[PDB]
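File shown here: my_file_5.cif, holding mmCIF, C-alpha atoms and all ligand atoms.
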```cif
data_structure
loop_
_atom_site.group_PDB
_atom_site.id
_atom_site.type_symbol
_atom_site.label_atom_id
_atom_site.label_comp_id
_atom_site.auth_asym_id
_atom_site.auth_seq_id
_atom_site.Cartn_x
_atom_site.Cartn_y
_atom_site.Cartn_z
ATOM 1 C CA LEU A 1 72.297 -8.000 -30.629
ATOM 2 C CA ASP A 2 75.552 -8.340 -32.586
ATOM 3 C CA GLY A 3 75.144 -12.109 -33.005
ATOM 4 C CA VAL A 4 74.952 -13.238 -29.369
ATOM 5 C CA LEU A 5 71.428 -14.722 -29.786
ATOM 6 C CA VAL A 6 72.176 -16.633 -33.001
ATOM 7 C CA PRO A 7 72.583 -20.329 -32.196
ATOM 8 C CA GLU A 8 75.974 -21.821 -33.088
ATOM 9 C CA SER A 9 74.203 -24.744 -34.723
ATOM 10 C CA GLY A 10 70.619 -25.818 -35.219
ATOM 11 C CA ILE A 11 67.386 -24.307 -36.435
ATOM 12 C CA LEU A 12 65.030 -22.630 -33.954
ATOM 13 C CA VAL A 13 61.492 -23.998 -34.324
ATOM 14 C CA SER A 14 58.950 -21.257 -33.642
ATOM 15 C CA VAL A 15 55.228 -20.950 -34.285
ATOM 16 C CA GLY A 16 52.943 -18.023 -35.004
ATOM 17 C CA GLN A 17 51.314 -15.712 -35.378
ATOM 18 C CA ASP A 18 48.474 -14.864 -33.004
ATOM 19 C CA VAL A 19 47.935 -15.930 -29.392
ATOM 20 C CA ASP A 20 44.953 -18.206 -30.008
ATOM 21 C CA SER A 21 46.410 -20.084 -32.983
ATOM 22 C CA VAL A 22 49.658 -20.622 -31.054
ATOM 23 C CA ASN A 23 47.716 -21.952 -28.043
ATOM 24 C CA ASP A 24 45.717 -24.271 -30.318
ATOM 25 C CA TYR A 25 48.947 -25.637 -31.853
ATOM 26 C CA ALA A 26 50.558 -26.188 -28.448
ATOM 27 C CA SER A 27 47.482 -28.020 -27.141
ATOM 28 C CA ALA A 28 46.839 -30.094 -30.284
ATOM 29 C CA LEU A 29 50.478 -31.200 -30.614
ATOM 30 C CA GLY A 30 50.989 -31.588 -26.853
ATOM 31 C CA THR A 31 54.123 -29.475 -26.978
ATOM 32 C CA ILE A 32 55.647 -26.245 -25.696
ATOM 33 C CA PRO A 33 56.931 -24.391 -28.772
ATOM 34 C CA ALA A 34 60.557 -23.236 -28.548
ATOM 35 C CA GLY A 35 59.526 -19.821 -29.891
ATOM 36 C CA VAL A 36 56.204 -17.998 -30.150
ATOM 37 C CA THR A 37 55.341 -15.072 -32.407
ATOM 38 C CA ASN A 38 53.072 -11.997 -32.285
ATOM 39 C CA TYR A 39 52.951 -8.491 -33.810
ATOM 40 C CA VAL A 40 53.001 -4.946 -32.485
ATOM 41 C CA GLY A 41 52.532 -1.676 -34.390
ATOM 42 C CA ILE A 42 54.984 1.090 -33.504
ATOM 43 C CA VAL A 43 52.459 3.946 -33.825
ATOM 44 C CA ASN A 44 50.047 2.753 -31.092
ATOM 45 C CA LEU A 45 52.047 -0.133 -29.558
ATOM 46 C CA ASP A 46 48.889 -2.098 -30.347
ATOM 47 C CA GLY A 47 49.230 -5.667 -29.126
ATOM 48 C CA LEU A 48 52.041 -5.015 -26.637
ATOM 49 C CA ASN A 49 50.259 -4.943 -23.250
ATOM 50 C CA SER A 50 46.652 -5.647 -24.252
ATOM 51 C CA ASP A 51 44.620 -7.208 -27.056
ATOM 52 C CA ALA A 52 44.907 -6.014 -30.631
ATOM 53 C CA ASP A 53 42.801 -7.728 -33.279
ATOM 54 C CA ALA A 54 42.805 -6.299 -36.788
ATOM 55 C CA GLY A 55 41.419 -9.439 -38.435
ATOM 56 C CA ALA A 56 44.693 -11.389 -38.637
ATOM 57 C CA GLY A 57 44.386 -12.992 -35.204
ATOM 58 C CA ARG A 58 44.563 -11.609 -31.679
ATOM 59 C CA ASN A 59 47.919 -10.192 -30.564
ATOM 60 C CA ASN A 60 48.821 -9.664 -26.918
ATOM 61 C CA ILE A 61 52.525 -9.918 -26.163
ATOM 62 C CA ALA A 62 52.014 -9.670 -22.381
ATOM 63 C CA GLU A 63 49.612 -12.621 -22.449
ATOM 64 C CA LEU A 64 51.821 -14.586 -24.844
ATOM 65 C CA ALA A 65 54.969 -13.981 -22.775
ATOM 66 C CA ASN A 66 53.191 -15.097 -19.590
ATOM 67 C CA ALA A 67 51.791 -18.216 -21.312
ATOM 68 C CA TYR A 68 55.211 -19.258 -22.694
ATOM 69 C CA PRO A 69 57.688 -18.067 -20.046
ATOM 70 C CA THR A 70 60.542 -20.374 -21.110
ATOM 71 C CA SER A 71 60.169 -19.905 -24.881
ATOM 72 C CA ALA A 72 61.848 -17.392 -27.161
ATOM 73 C CA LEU A 73 59.685 -14.418 -28.123
ATOM 74 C CA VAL A 74 59.513 -13.371 -31.785
ATOM 75 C CA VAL A 75 57.930 -9.981 -32.459
ATOM 76 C CA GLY A 76 57.094 -8.358 -35.789
ATOM 77 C CA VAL A 77 56.988 -4.555 -35.605
ATOM 78 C CA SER A 78 54.958 -2.721 -38.239
ATOM 79 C CA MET A 79 55.702 0.912 -39.063
ATOM 80 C CA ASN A 80 51.951 1.367 -39.768
ATOM 81 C CA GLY A 81 52.802 3.381 -42.899
ATOM 82 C CA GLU A 82 54.875 5.879 -40.922
ATOM 83 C CA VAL A 83 58.520 4.799 -41.289
ATOM 84 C CA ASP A 84 59.622 8.309 -42.292
ATOM 85 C CA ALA A 85 58.033 9.816 -39.165
ATOM 86 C CA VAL A 86 59.627 6.979 -37.167
ATOM 87 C CA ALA A 87 63.041 7.783 -38.680
ATOM 88 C CA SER A 88 62.418 11.475 -37.826
ATOM 89 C CA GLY A 89 61.952 10.584 -34.138
ATOM 90 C CA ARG A 90 58.179 11.086 -33.666
ATOM 91 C CA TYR A 91 57.845 7.620 -32.080
ATOM 92 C CA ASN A 92 61.049 7.524 -30.028
ATOM 93 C CA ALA A 93 59.276 7.196 -26.670
ATOM 94 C CA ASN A 94 57.261 4.283 -28.104
ATOM 95 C CA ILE A 95 60.481 2.626 -29.315
ATOM 96 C CA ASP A 96 62.002 2.907 -25.831
ATOM 97 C CA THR A 97 58.868 1.460 -24.239
ATOM 98 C CA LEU A 98 58.831 -1.402 -26.734
ATOM 99 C CA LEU A 99 62.507 -2.254 -26.159
ATOM 100 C CA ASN A 100 62.342 -1.853 -22.369
ATOM 101 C CA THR A 101 59.171 -3.962 -22.188
ATOM 102 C CA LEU A 102 60.618 -6.773 -24.299
ATOM 103 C CA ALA A 103 63.872 -6.730 -22.292
ATOM 104 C CA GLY A 104 61.803 -7.010 -19.099
ATOM 105 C CA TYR A 105 60.764 -10.525 -20.147
ATOM 106 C CA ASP A 106 64.348 -11.755 -19.523
ATOM 107 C CA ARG A 107 64.505 -14.102 -22.516
ATOM 108 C CA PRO A 108 65.694 -14.217 -26.123
ATOM 109 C CA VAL A 109 63.699 -11.755 -28.237
ATOM 110 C CA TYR A 110 63.877 -11.736 -32.056
ATOM 111 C CA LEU A 111 62.671 -8.333 -33.242
ATOM 112 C CA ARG A 112 61.554 -8.069 -36.892
ATOM 113 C CA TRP A 113 61.746 -4.289 -37.212
ATOM 114 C CA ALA A 114 59.633 -2.881 -40.090
ATOM 115 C CA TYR A 115 59.135 -6.458 -41.254
ATOM 116 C CA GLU A 116 58.845 -7.071 -45.002
ATOM 117 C CA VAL A 117 61.137 -4.100 -45.498
ATOM 118 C CA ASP A 118 60.804 -4.210 -49.299
ATOM 119 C CA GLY A 119 57.061 -4.935 -49.510
ATOM 120 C CA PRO A 120 55.836 -1.855 -51.415
ATOM 121 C CA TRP A 121 52.466 -1.985 -49.616
ATOM 122 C CA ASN A 122 54.283 -1.031 -46.380
ATOM 123 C CA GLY A 123 54.956 2.440 -47.790
ATOM 124 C CA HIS A 124 58.591 2.399 -46.706
ATOM 125 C CA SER A 125 61.329 4.644 -48.039
ATOM 126 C CA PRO A 126 64.814 3.131 -48.322
ATOM 127 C CA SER A 127 66.185 6.029 -46.247
ATOM 128 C CA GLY A 128 63.588 5.526 -43.506
ATOM 129 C CA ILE A 129 64.382 1.816 -43.302
ATOM 130 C CA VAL A 130 68.158 2.268 -43.245
ATOM 131 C CA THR A 131 68.003 5.113 -40.717
ATOM 132 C CA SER A 132 65.533 3.424 -38.392
ATOM 133 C CA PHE A 133 67.496 0.120 -38.336
ATOM 134 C CA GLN A 134 70.620 2.058 -37.340
ATOM 135 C CA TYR A 135 68.624 3.941 -34.710
ATOM 136 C CA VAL A 136 67.039 0.839 -33.169
ATOM 137 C CA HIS A 137 70.317 -1.129 -33.138
ATOM 138 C CA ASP A 138 72.096 1.718 -31.381
ATOM 139 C CA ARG A 139 69.181 2.364 -29.001
ATOM 140 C CA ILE A 140 69.183 -1.281 -27.878
ATOM 141 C CA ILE A 141 72.810 -0.747 -26.800
ATOM 142 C CA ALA A 142 72.054 2.636 -25.194
ATOM 143 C CA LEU A 143 69.273 1.032 -23.111
ATOM 144 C CA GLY A 144 71.525 -1.914 -22.147
ATOM 145 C CA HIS A 145 69.461 -4.657 -23.823
ATOM 146 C CA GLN A 146 72.007 -6.005 -26.323
ATOM 147 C CA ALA A 147 72.159 -9.424 -24.598
ATOM 148 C CA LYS A 148 68.373 -9.857 -24.939
ATOM 149 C CA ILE A 149 67.171 -8.432 -28.275
ATOM 150 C CA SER A 150 68.283 -9.677 -31.704
ATOM 151 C CA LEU A 151 67.486 -7.465 -34.703
ATOM 152 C CA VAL A 152 65.983 -9.138 -37.785
ATOM 153 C CA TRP A 153 65.863 -7.451 -41.226
ATOM 154 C CA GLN A 154 63.049 -9.389 -42.906
ATOM 155 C CA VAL A 155 62.352 -9.075 -46.629
ATOM 156 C CA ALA A 156 59.038 -10.033 -48.251
ATOM 157 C CA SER A 157 60.554 -12.410 -50.854
ATOM 158 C CA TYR A 158 57.361 -12.037 -52.872
ATOM 159 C CA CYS A 159 57.331 -13.110 -56.547
ATOM 160 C CA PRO A 160 55.349 -10.130 -57.921
ATOM 161 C CA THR A 161 58.050 -7.706 -56.692
ATOM 162 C CA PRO A 162 60.959 -7.772 -59.164
ATOM 163 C CA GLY A 163 64.251 -9.270 -58.042
ATOM 164 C CA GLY A 164 67.604 -7.516 -57.820
ATOM 165 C CA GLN A 165 66.396 -4.614 -55.658
ATOM 166 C CA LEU A 166 67.553 -5.603 -52.135
ATOM 167 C CA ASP A 167 70.650 -3.422 -51.734
ATOM 168 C CA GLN A 168 68.767 -0.127 -51.324
ATOM 169 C CA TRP A 169 66.998 -1.499 -48.223
ATOM 170 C CA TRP A 170 70.130 -2.798 -46.464
ATOM 171 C CA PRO A 171 71.266 -0.774 -43.433
ATOM 172 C CA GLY A 172 74.738 -2.348 -43.183
ATOM 173 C CA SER A 173 76.020 -5.498 -41.499
ATOM 174 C CA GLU A 174 76.894 -3.479 -38.346
ATOM 175 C CA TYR A 175 73.186 -3.000 -37.644
ATOM 176 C CA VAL A 176 71.565 -6.356 -38.517
ATOM 177 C CA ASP A 177 71.697 -9.725 -36.719
ATOM 178 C CA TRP A 178 69.549 -11.817 -39.075
ATOM 179 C CA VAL A 179 68.173 -11.642 -42.571
ATOM 180 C CA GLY A 180 64.562 -12.831 -42.640
ATOM 181 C CA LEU A 181 62.211 -13.873 -45.423
ATOM 182 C CA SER A 182 58.616 -14.889 -46.117
ATOM 183 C CA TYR A 183 57.965 -18.391 -47.482
ATOM 184 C CA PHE A 184 54.378 -18.606 -48.770
ATOM 185 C CA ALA A 185 54.088 -19.390 -52.510
ATOM 186 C CA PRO A 186 57.733 -19.354 -53.667
ATOM 187 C CA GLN A 187 56.940 -21.967 -56.324
ATOM 188 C CA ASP A 188 55.114 -19.224 -58.272
ATOM 189 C CA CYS A 189 58.518 -18.008 -59.483
ATOM 190 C CA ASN A 190 60.564 -21.198 -59.103
ATOM 191 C CA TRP A 191 61.848 -20.175 -55.649
ATOM 192 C CA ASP A 192 63.674 -17.198 -57.209
ATOM 193 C CA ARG A 193 62.755 -14.638 -54.521
ATOM 194 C CA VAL A 194 63.447 -16.823 -51.502
ATOM 195 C CA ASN A 195 66.689 -18.020 -53.123
ATOM 196 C CA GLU A 196 67.714 -14.417 -53.765
ATOM 197 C CA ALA A 197 67.057 -13.549 -50.100
ATOM 198 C CA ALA A 198 69.061 -16.590 -48.965
ATOM 199 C CA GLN A 199 71.949 -15.676 -51.274
ATOM 200 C CA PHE A 200 71.861 -12.098 -49.960
ATOM 201 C CA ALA A 201 72.063 -13.281 -46.327
ATOM 202 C CA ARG A 202 74.867 -15.647 -47.313
ATOM 203 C CA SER A 203 76.826 -12.872 -49.034
ATOM 204 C CA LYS A 204 76.549 -10.632 -45.942
ATOM 205 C CA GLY A 205 77.512 -13.395 -43.503
ATOM 206 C CA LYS A 206 74.164 -13.312 -41.691
ATOM 207 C CA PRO A 207 71.963 -16.173 -40.517
ATOM 208 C CA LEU A 208 68.605 -16.626 -42.225
ATOM 209 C CA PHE A 209 65.249 -16.743 -40.400
ATOM 210 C CA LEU A 210 62.109 -17.871 -42.291
ATOM 211 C CA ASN A 211 59.959 -15.392 -40.369
ATOM 212 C CA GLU A 212 56.638 -16.024 -42.109
ATOM 213 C CA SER A 213 55.810 -19.443 -43.497
ATOM 214 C CA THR A 214 52.579 -21.143 -44.498
ATOM 215 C CA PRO A 215 51.212 -23.420 -47.269
ATOM 216 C CA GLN A 216 49.500 -20.428 -48.799
ATOM 217 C CA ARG A 217 46.387 -21.230 -50.889
ATOM 218 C CA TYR A 218 46.185 -24.713 -49.348
ATOM 219 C CA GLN A 219 43.482 -25.825 -46.914
ATOM 220 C CA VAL A 220 44.668 -28.575 -44.546
ATOM 221 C CA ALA A 221 41.268 -29.579 -43.102
ATOM 222 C CA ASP A 222 39.520 -29.482 -46.505
ATOM 223 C CA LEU A 223 42.543 -30.890 -48.394
ATOM 224 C CA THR A 224 42.367 -28.393 -51.254
ATOM 225 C CA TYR A 225 44.624 -26.104 -53.259
ATOM 226 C CA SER A 226 43.828 -23.036 -55.374
ATOM 227 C CA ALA A 227 45.969 -21.414 -58.070
ATOM 228 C CA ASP A 228 44.036 -18.143 -57.499
ATOM 229 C CA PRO A 229 45.939 -15.834 -55.120
ATOM 230 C CA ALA A 230 43.152 -13.235 -55.014
ATOM 231 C CA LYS A 231 40.024 -15.211 -54.179
ATOM 232 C CA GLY A 232 40.871 -18.924 -53.964
ATOM 233 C CA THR A 233 38.572 -20.026 -56.781
ATOM 234 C CA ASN A 234 38.690 -23.298 -58.727
ATOM 235 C CA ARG A 235 39.859 -25.249 -55.685
ATOM 236 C CA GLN A 236 41.429 -28.614 -56.469
ATOM 237 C CA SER A 237 41.208 -31.639 -54.190
ATOM 238 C CA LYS A 238 44.547 -32.958 -52.901
ATOM 239 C CA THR A 239 45.460 -36.053 -50.940
ATOM 240 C CA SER A 240 47.164 -35.356 -47.636
ATOM 241 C CA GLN A 241 50.378 -36.880 -49.024
ATOM 242 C CA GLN A 242 50.187 -34.509 -52.027
ATOM 243 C CA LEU A 243 49.795 -31.528 -49.718
ATOM 244 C CA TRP A 244 52.837 -32.712 -47.753
ATOM 245 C CA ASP A 245 54.916 -33.341 -50.883
ATOM 246 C CA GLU A 246 53.922 -30.118 -52.665
ATOM 247 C CA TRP A 247 54.548 -27.591 -49.868
ATOM 248 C CA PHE A 248 56.001 -29.138 -46.692
ATOM 249 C CA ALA A 249 58.707 -31.334 -48.213
ATOM 250 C CA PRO A 250 60.208 -28.500 -50.334
ATOM 251 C CA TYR A 251 59.985 -26.120 -47.332
ATOM 252 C CA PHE A 252 62.153 -28.402 -45.206
ATOM 253 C CA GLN A 253 64.352 -29.133 -48.244
ATOM 254 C CA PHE A 254 64.902 -25.373 -48.648
ATOM 255 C CA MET A 255 66.291 -25.268 -45.097
ATOM 256 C CA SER A 256 68.624 -28.177 -45.884
ATOM 257 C CA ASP A 257 69.739 -26.613 -49.192
ATOM 258 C CA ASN A 258 70.592 -23.472 -47.191
ATOM 259 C CA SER A 259 71.925 -25.229 -44.099
ATOM 260 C CA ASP A 260 75.035 -23.037 -44.004
ATOM 261 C CA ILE A 261 72.824 -20.067 -43.044
ATOM 262 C CA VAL A 262 69.351 -21.174 -41.849
ATOM 263 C CA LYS A 263 69.083 -20.862 -38.062
ATOM 264 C CA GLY A 264 65.344 -20.314 -37.480
ATOM 265 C CA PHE A 265 61.819 -20.441 -38.816
ATOM 266 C CA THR A 266 58.358 -19.388 -37.746
ATOM 267 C CA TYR A 267 55.608 -21.647 -39.043
ATOM 268 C CA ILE A 268 52.238 -19.867 -39.083
ATOM 269 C CA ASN A 269 49.742 -22.518 -37.956
ATOM 270 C CA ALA A 270 46.260 -21.046 -38.267
ATOM 271 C CA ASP A 271 42.833 -21.259 -39.819
ATOM 272 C CA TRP A 272 43.482 -18.086 -41.832
ATOM 273 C CA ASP A 273 40.094 -18.510 -43.481
ATOM 274 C CA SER A 274 38.387 -17.891 -40.095
ATOM 275 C CA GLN A 275 40.171 -14.551 -39.465
ATOM 276 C CA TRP A 276 38.217 -11.675 -40.960
ATOM 277 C CA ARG A 277 41.086 -9.962 -42.838
ATOM 278 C CA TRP A 278 41.835 -13.241 -44.627
ATOM 279 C CA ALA A 279 38.217 -14.435 -44.927
ATOM 280 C CA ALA A 280 35.677 -14.679 -47.726
ATOM 281 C CA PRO A 281 35.089 -13.008 -50.118
ATOM 282 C CA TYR A 282 38.860 -12.366 -49.843
ATOM 283 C CA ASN A 283 39.440 -8.641 -50.146
ATOM 284 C CA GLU A 284 43.103 -8.971 -49.084
ATOM 285 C CA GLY A 285 44.120 -12.228 -50.742
ATOM 286 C CA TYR A 286 43.488 -15.929 -50.323
ATOM 287 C CA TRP A 287 45.384 -17.677 -47.517
ATOM 288 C CA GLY A 288 43.724 -20.957 -46.517
ATOM 289 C CA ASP A 289 44.170 -23.202 -43.481
ATOM 290 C CA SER A 290 47.663 -24.129 -42.326
ATOM 291 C CA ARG A 291 46.846 -26.021 -39.111
ATOM 292 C CA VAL A 292 49.014 -29.143 -39.162
ATOM 293 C CA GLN A 293 46.695 -30.699 -36.549
ATOM 294 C CA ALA A 294 43.765 -30.536 -39.025
ATOM 295 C CA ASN A 295 44.996 -33.651 -40.870
ATOM 296 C CA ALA A 296 46.437 -36.782 -39.265
ATOM 297 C CA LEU A 297 49.124 -37.376 -41.917
ATOM 298 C CA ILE A 298 50.233 -33.733 -42.000
ATOM 299 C CA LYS A 299 50.346 -33.664 -38.186
ATOM 300 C CA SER A 300 52.384 -36.879 -37.964
ATOM 301 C CA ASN A 301 54.814 -35.842 -40.701
ATOM 302 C CA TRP A 302 55.235 -32.408 -39.104
ATOM 303 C CA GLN A 303 55.995 -33.926 -35.692
ATOM 304 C CA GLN A 304 58.410 -36.443 -37.208
ATOM 305 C CA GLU A 305 60.325 -33.785 -39.141
ATOM 306 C CA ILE A 306 60.755 -31.182 -36.412
ATOM 307 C CA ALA A 307 61.797 -33.842 -33.862
ATOM 308 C CA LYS A 308 64.995 -34.407 -35.889
ATOM 309 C CA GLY A 309 68.352 -33.391 -34.458
ATOM 310 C CA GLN A 310 69.044 -30.298 -36.584
ATOM 311 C CA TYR A 311 66.044 -28.557 -34.984
ATOM 312 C CA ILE A 312 66.059 -26.611 -31.725
ATOM 313 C CA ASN A 313 62.898 -27.420 -29.776
ATOM 314 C CA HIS A 314 61.853 -26.555 -26.232
ATOM 315 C CA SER A 315 63.863 -27.880 -23.292
ATOM 316 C CA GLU A 316 65.505 -26.581 -20.113
ATOM 317 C CA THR A 317 68.662 -25.773 -22.132
ATOM 318 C CA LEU A 318 66.875 -23.745 -24.842
ATOM 319 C CA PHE A 319 67.954 -20.277 -23.715
ATOM 320 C CA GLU A 320 71.605 -21.384 -23.370
ATOM 321 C CA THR A 321 71.481 -22.907 -26.870
ATOM 322 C CA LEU A 322 70.168 -19.564 -28.179
ATOM 323 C CA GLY A 323 73.024 -17.653 -26.480
ATOM 324 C CA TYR A 324 71.038 -16.360 -23.505
HETATM 325 MG MG MG A 401 71.892 -11.285 -31.743
#
```

Can I see the file as structure tokens?
Ligand SMILES: [Mg+2]
Amino acid sequence: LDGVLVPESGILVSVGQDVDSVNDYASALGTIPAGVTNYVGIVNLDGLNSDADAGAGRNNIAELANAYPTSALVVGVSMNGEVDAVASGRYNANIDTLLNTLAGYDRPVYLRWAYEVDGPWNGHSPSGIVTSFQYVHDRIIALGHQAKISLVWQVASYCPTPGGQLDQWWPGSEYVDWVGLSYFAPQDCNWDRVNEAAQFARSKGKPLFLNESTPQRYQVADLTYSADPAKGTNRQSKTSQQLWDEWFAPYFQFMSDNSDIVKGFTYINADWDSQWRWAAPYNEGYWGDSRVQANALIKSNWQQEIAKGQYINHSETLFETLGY
């Protein structure tokens, strides 16, 4: 909290966003990720101490924390459509349990509270978001966990939502440690939404975390792309180099272009297509397959990029580098 877990320099490399996909990445790449990512819902604390699987991969923060004891923990917290009731205090015991549990892991924790704050589908009110960020920031201090938990305000940076509407969601610089964004199909509006989020973070003097990232609508194993965000029709064959150059190269270039502020990313490395929420016939959008290990060229290029010196990977000095 209050900036102590923001690295002075470098970009935290983390992976997500379910236990099994993270394990598959770690095994396939022969690496311990520097950060690992799961989700919990505030209403039930689903996924905190036992399995939760709502079709977007299995979440189990206890299992994940035990499997990656010397990695940073990144946790998205959904309001489950109830941010106003959360702001009114109906989930305060759950908030304390969440914060106390995460602090008990004695490691850097990056907490994406009410993540995708401005995604209309989340049913948030601006007041509920602003109030609950203030509450959680202050409660972290009251519980004595300010050295352990860093509070991320993550926007959706989603092209179909009009730009210019971020201010209403902002709780104040006193209450936020990072601005976060989602990097999926930013090319659909010429990077306008992700650039707006970056510029907002920059203006506020906050570091930027790319909290959700994936080559959305691409399939790594199949080597295809679809222009259809709903159902992935009319798939087009791509070479592996094309897939790299179309999505991966501009993703890493975005970090470089925003190197004054970018201090972390979570790459979602998963066969989305195999997870029932994201599966055929695609009732909640078309996602694809983002496993870098599913193509030799993608895997090699991924490994080569993240090995570079601007990136913070796993080592014995990781926690110190992250301010822990
Ligand atoms: Mg912090």

Output the neighbourhood of ligand MG 401 (chain A) as a VMD selection string, that is, all protein and nucleic acid residues with some atom at most 9 Å from the ligand, counting all atoms listed in the file. chain A and resid 1 to 6 108 to 110 146 to 152 176 to 178 323

Going by the chain IDs and residue numbers used in this file, which residues fall under the PyMOL selection byres (((chain A and resi 297-304) around 12) and not hetatm)? Write them as a PyMOL selection string. chain A and resi 13+25-26+28-31+33+215+219-221+223+239-249+251-252+267+269+290-296+305-309+311+313

Could you expand the PyMOL selection byres (((chain A and resi 209) around 8) and not hetatm) into the explicit residues it covers here, written as a list in words?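 Matching residues under the PyMOL selection byres (((chain A and resi 209) around 8) and not hetatm) are residues 178, 179, 180, 181, 207, 208, 210, 211, 262, 263, 264, 265 and 266 of chain A.
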
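Here the PyMOL selection byres (((chain A and resi 61) around 9) and not hetatm) captures the residues residues 19, 37, 38, 39, 40, 47, 48, 49, 50, 51, 59, 60, 62, 63, 64, 65, 66, 73, 75 and 102 of chain A.
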
Go ahead and save the picked residues with C-alpha atoms, as a compact mmCIF listing (two decimals), in the coordinates of the input.
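File written: out.txt
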```txt
# COMPACT_ATOMS: atom_id res chain seq x y z
CA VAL A 19 47.94 -15.93 -29.39
CA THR A 37 55.34 -15.07 -32.41
CA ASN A 38 53.07 -12.00 -32.28
CA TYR A 39 52.95 -8.49 -33.81
CA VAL A 40 53.00 -4.95 -32.48
CA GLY A 47 49.23 -5.67 -29.13
CA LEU A 48 52.04 -5.01 -26.64
CA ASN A 49 50.26 -4.94 -23.25
CA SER A 50 46.65 -5.65 -24.25
CA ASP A 51 44.62 -7.21 -27.06
CA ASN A 59 47.92 -10.19 -30.56
CA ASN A 60 48.82 -9.66 -26.92
CA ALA A 62 52.01 -9.67 -22.38
CA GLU A 63 49.61 -12.62 -22.45
CA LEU A 64 51.82 -14.59 -24.84
CA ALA A 65 54.97 -13.98 -22.78
CA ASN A 66 53.19 -15.10 -19.59
CA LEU A 73 59.68 -14.42 -28.12
CA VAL A 75 57.93 -9.98 -32.46
CA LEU A 102 60.62 -6.77 -24.30
```

With distances taken over all atoms listed in the file, which of A:310, A:258, A:275, A:92 is nearest to residue 195 (chain A)?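 The shortest atom-to-atom distance to residue 195 (chain A) comes from A:258.
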
Shortest interatomic distance to residue 130 (chain A) - which of A:174, A:144, A:169, A:164, counting only C-alpha atoms: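 Once distances to residue 130 (chain A) are computed over only C-alpha atoms, the minimum belongs to A:169.
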
To one decimal place in Å, what is the distance between CA of residue 139 (chain A) and CA of residue 155 (chain A)?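 CA of residue 155 (chain A) lies 22.1 Å from CA of residue 139 (chain A).
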
Quote the spacing between CA of residue 289 (chain A) and CA of residue 14 (chain A) in Å to one decimal place.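 Separating CA of residue 289 (chain A) from CA of residue 14 (chain A) is a distance of 17.9 Å.
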
Residue nearest residue 95 (chain A) among A:44, A:224, A:127, A:21 (counting only C-alpha atoms):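 So, comparing all the options, the nearest one is A:44.
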
Which one of A:227, A:32, A:98, A:22 sits closest to residue 46 (chain A) if you count only C-alpha atoms?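 Selected residue with least distance to residue 46 (chain A): A:98.
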
Distance query residue 321 (chain A) at most 10 Å, only C-alpha atoms, self and fewer than 2 positions along chain excluded, as a PyMOL selection string: chain A and resi 5-10+12+312+315-319+323-324

Please determine an axis-aligned box that encloses all atoms of region 97-104 of chain A listed in the file, with 4 Å added on each side, and express its centre and edge lengths in Å to one decimal as JSON.
```
{"center_x": 61.4, "center_y": -2.8, "center_z": -22.9, "size_x": 13.0, "size_y": 16.5, "size_z": 15.6}
```

Find, counting only C-alpha atoms, the residue in A:235, A:202, A:145, A:314 that gets nearest to residue 104 (chain A).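 Nearest to residue 104 (chain A): A:145.
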
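Atom pair CA of residue 168 (chain A) / CA of residue 213 (chain A) has a distance of 24.5 Å (rounded to one decimal).
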
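Of the listed residues A:261, A:270, A:129, A:255, the one whose atoms come nearest to residue 216 (chain A) is A:270, with distances taken using all atoms listed in the file.
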
Show me as a PyMOL selection string the residues that reach within 7 Å of (55.4, -15.1, -42.9), counting only C-alpha atoms and using the file's own coordinates. chain A and resi 182-184+211-214+268

Any chance you can output those residues with C-alpha atoms as a compact mmCIF listing (two decimals), in the coordinates of the input?
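The file below, selection_17.txt, is the result:
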```
# COMPACT_ATOMS: atom_id res chain seq x y z
CA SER A 182 58.62 -14.89 -46.12
CA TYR A 183 57.96 -18.39 -47.48
CA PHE A 184 54.38 -18.61 -48.77
CA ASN A 211 59.96 -15.39 -40.37
CA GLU A 212 56.64 -16.02 -42.11
CA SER A 213 55.81 -19.44 -43.50
CA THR A 214 52.58 -21.14 -44.50
CA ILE A 268 52.24 -19.87 -39.08
```
